[PDB]
Amino acid sequence: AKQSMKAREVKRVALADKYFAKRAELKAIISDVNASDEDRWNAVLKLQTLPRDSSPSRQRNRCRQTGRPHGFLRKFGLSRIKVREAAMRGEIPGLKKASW
Amino acid sequence: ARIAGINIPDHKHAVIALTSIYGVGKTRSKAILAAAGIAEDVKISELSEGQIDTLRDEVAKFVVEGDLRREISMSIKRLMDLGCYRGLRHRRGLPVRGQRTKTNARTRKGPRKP
Amino acid sequence: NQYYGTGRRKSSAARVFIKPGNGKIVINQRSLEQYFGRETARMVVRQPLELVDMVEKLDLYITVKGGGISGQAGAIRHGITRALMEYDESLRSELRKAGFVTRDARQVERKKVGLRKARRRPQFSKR
Amino acid sequence: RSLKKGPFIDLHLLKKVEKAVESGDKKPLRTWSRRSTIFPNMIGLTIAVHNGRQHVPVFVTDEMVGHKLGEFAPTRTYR
Amino acid sequence: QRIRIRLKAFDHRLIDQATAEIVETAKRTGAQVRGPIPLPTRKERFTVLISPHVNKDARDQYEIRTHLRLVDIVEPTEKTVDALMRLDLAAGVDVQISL
Amino acid sequence: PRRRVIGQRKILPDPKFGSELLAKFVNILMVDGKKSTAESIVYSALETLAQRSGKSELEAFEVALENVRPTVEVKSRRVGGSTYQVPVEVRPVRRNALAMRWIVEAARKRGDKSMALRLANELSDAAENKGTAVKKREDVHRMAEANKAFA
RNA sequence: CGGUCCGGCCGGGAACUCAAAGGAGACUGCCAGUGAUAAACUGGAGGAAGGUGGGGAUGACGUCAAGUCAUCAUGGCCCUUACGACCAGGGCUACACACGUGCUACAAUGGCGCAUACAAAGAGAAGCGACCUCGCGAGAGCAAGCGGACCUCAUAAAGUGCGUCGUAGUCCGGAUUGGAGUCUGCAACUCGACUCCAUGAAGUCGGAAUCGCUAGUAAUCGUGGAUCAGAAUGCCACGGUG
């Protein structure tokens, strides 16, 4: 995709590692827990005040090369197009064409 | 014999026949015929007149017929008059629960016009 | 003495021991009648004991994994008939002619990219 | 529906409403919070909720409480 | 003690050189070796669309086979732990070692 | 097919009777690969048959079947516009297939309760020859004799 | 073979299934006949398999200025206080209509209720999540195990047996709408899925026309996966019956 849209998926990873991965993983338990406090949550109102792109929900996967949003494959971190280009040169190990 | 709703079921089985009330399905049924202590296979003819007036009291717990028809109609009217989304969909005859209208809303729109 | 056969059909794989002496059919520690609740599946495990003789002549203890009913049946059929040819030998002539010796090669055809199943194409439209 | 551990509102709406209840009723609030459950303490006010271009005046009745704010600004024109 | 070695690797000729080293290396330095028993073989499968834009029935089905081998050693000498630790194999083999 | 002249598959005989011709009848009656429940229906409606037409269970079938079996059919054939129904003398094997198939399309059409009723009553009426499966065989023997000209 | 809490569970066994490496096997090789003594063909034997045994992968020179500058690359043209860049809300989900591809139906070869059997192939650490406890249910609480032939997802369903419904727009059908919930998620109004109670449309096998299939095929029955916080009637794969 664009250079802007690849820059946006560094910005959204930068946050969600810093914040939610520690600090919102506290507050999602304080908003959960029924057998401790049912009045001084405060935390639901505090979860908004965190920057919005701290949520991992907001992260799309791109193909770590061309930046393409659709056609992703998690094992390889790549679009279906670049998987195949790389497969056939022999750059993905053990991967061959199948038949059965 | 007629039930606490101003209705008259048939000579089927009983759990089925109580479904014939507006406001009673198959779950309420089996729920009623139980508390009253009737077997559910048993018919309406082959049921004594103490065993029918126990049912009249049981179905008087639940909101049924012109209690219910009103209760629905009044709830729909809150939406229509208040002018929320769901009101605006009720009053145009379009589907309310987010279904597509480009094709297929044919229950909710009626047979079709050129 | 224990006379052995393997047999297979579809995903089923039966293993079949033949003892001398009597009528009796075991199959995953159940009666033949308990295990197969369909008449069609019964008179294919017995089939080979008809061309070759049994009323009360050999017991058989068998076990079977995988497939479903009529798969498991056919594996056992073939499993017996391997084990008969272990024991007697010169029954092959008669068994071959009914063709219970032929391991049945038919697997399910795989499903194929483009198609709804193995061969079922989607509905074509010219225009 | 938001399960019964929470109902939801934006802080920037909550605190702007606490003001114009406490101080006294006024020219209407301009929110973009369409996603925010109308509470009991909002009744009487005019809130002007964003439909996607125009903010649209909504006089908050008693009967509205529980519904979301976005339900009273429609987004799409139609005839 | 039981130590057991799960070898796994994408190439089936590369793995059973690395096995046959380890079965030799243990027997020579005084031990009773078990296996090398073949476990089953995770074959993954990826279908992919093959054109850059459209043509949904044009596809290319790839696989990765992962071969897997297990070698139990029942009698360790003090040499036999260090003889196998010091060993170095090809790059495409992954060794493990439980205790 | 053009080149590909071919053999054909050994069906198993029927487990109760040993009747190879009756196995073909459960196949013809089977739907959705449920041979189980075809056999239930057939074995039933031969009990209901053979009881009510003086016994023999193989041969209450084979009297009802012998009645619907055809002997000629048409075979439409273009010459240069108008289309000539030619009578043609039907094979030994295809006699049964057509018979069996017509019995069942007749049985599947009636308005009795079970299928094992419906079948039993269109094997009753075959053997005392009325009902739709022989009204089919008669309106095929019309077409062969009406177009006897053309052979 | 011994012993048993009747469980391959525990001594043990290395036979059998299975696992995945290495080999053998099928070549018109052998027999007869047909044929220009040819190539081959028709039949037979033995064989697990017989005449390319079944399935895939493998797509000649070229054809349509076919498709894709929005995966990527790229010649030229163009914009450069905007056609670039950041944000919140909306939209891509609109609905008088027309077409395509699917799913569910219209029912006794069936529907509902109670018991009961037989698969394969997969996935799993910001993950799969047992047991036990709470909830009508979706789920919740607690918490072993498992980077996994070990543990979890995970009870296959058609089937079978026993009961019941009686040809009725019905105990067929589930659309739609009301009420109340559950979960994921900063957030389910626009616009998620799933549960419970209620509601119970059309539909009684479809005009002209038209599609798929030659065998483990069609038909029918469930199972898994990728994408994915959540969102499969689609897609890719797996076995059952047949």
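Protein chains in written order, with the UniProt record's numbering: chain A, 2 to 101; chain B, 2 to 115; chain C, 4 to 130; chain D, 3 to 81; chain E, 4 to 102; chain F, 2 to 152.
Yeah, the Cβ is synthetic: ideal placement off N, Cα and C, and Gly gets one too.
Residue range of the unbroken beta strand (DSSP E) whose run includes residue i
i	result
E:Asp75	62-76
C:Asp91	Looking at the DSSP string, C:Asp91 is not in any beta strand (DSSP E), and its letter there is neither H nor E.
C:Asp62	61-68
A:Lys97	96-98
C:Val29	28-30
Supposed close pair residue i, residue j - CB separation, criterion 8 Å
i	j	result
E:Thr83	E:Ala29	6 Å
C:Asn31	C:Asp62	Between C:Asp62 and C:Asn31 the Cβ distance is about 15 Å, and since that is not below 8 Å, they are no contact.
B:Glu66	B:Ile7	7 Å
A:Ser32	A:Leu48	7 Å
F:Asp126	F:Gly132	3 Å
C:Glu42	F:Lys17	7 Å
F:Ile104	F:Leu124	7 Å
B:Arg109	B:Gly88	That belief does not hold up - the Cβ atoms of B:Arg109 and B:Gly88 are roughly 15 Å apart, past 8 Å.
F:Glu63	F:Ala145	Actually they are not in contact, since the Cβ atoms of F:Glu63 and F:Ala145 sit about 24 Å apart, beyond 8 Å.
F:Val27	F:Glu48	Not really, about 15 Å apart at Cβ, beyond 8 Å.
A:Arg85	A:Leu74	That belief does not hold up - the Cβ atoms of A:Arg85 and A:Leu74 are roughly 10 Å apart, past 8 Å.
F:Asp33	F:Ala24	About 18 Å; that fails the 8 Å criterion.
E:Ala12	E:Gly95	5 Å
F:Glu58	F:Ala51	4 Å
D:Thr48	D:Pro76	D:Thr48 to D:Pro76, Cβ: 17 Å. No contact.
B:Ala37	B:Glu59	5 Å
C:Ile65	C:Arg18	7 Å
N-terminal and C-terminal residue of the alpha helix (DSSP H) that residue i is part of
i	result
F:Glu40	36-53
A:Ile31	25-33
E:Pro79	Premise fails: E:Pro79 is in no alpha helix (DSSP H) and is neither H nor E.
D:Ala75	Run containing D:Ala75: none; DSSP gives neither H nor E here.
F:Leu30	21-30
B:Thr20	15-20
residue 1 of chain F	There is simply no residue 1 of chain F to check, as chain F begins at 2 and stops at 152 in what is shown.
D:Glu20	13-24
A:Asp18	4-19
C:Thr43	42-48
F:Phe62	59-69
A:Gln60	Looking at the DSSP string, A:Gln60 is not in any alpha helix (DSSP H), and its letter there is neither H nor E.
C:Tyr38	35-38
C:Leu54	51-54
Bridge partner(s) assigned by DSSP for residue i
i	result
C:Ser15	C:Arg12
residue 92 of chain D	The question about residue 92 of chain D has no answer, for chain D in this structure spans 3 to 81.
E:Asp97	E:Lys11
B:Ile4	B:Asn8
B:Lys44	B:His14
F:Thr84	F:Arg79
D:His69	D:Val67
F:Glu74	F:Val89
C:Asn25	C:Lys60
C:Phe20	C:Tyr7, C:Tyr64
F:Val6	Looking at the DSSP assignment, F:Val6 forms no beta bridge with any residue, so it has no partner.
A:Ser80	A:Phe73
Residue i CB to nearest heavy atom of the ligand HEM below 7 Å
i	result
C:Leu118	Absent from the structure shown: the ligand HEM. Ligands present: none.
Residue i burial status per 10 Å Cβ neighbour count (16 or more: buried)
i	result
D:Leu5	exposed
A:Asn43	exposed
A:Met6	exposed
C:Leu87	buried
C:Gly10	buried
D:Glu65	exposed
D:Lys70	buried
B:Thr28	exposed
E:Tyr65	buried
E:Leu102	exposed
Report the start-end ranges of each alpha helix (DSSP H) in the region 4-63 of chain E that is 4 residues or longer and not cut off at the edges. Within the region 4-63 of chain E, the complete alpha helix (DSSP H) runs of at least 4 residues are 15-31.
I'd like the ranges of any alpha helix (DSSP H) spanning at least 4 consecutive residues and lying wholly in the region 33-110 of chain B. Segments of the alpha helix (DSSP H) lying fully in the region 33-110 of chain B: 50-60, 69-83, 86-91, 107-110.
Ignoring anything shorter than 3 residues or poking outside the region 91-127 of chain F, list the beta strand (DSSP E) runs there in chain order.
Within the region 91-127 of chain F, there are no complete beta strand (DSSP E) runs of at least 3 residues.
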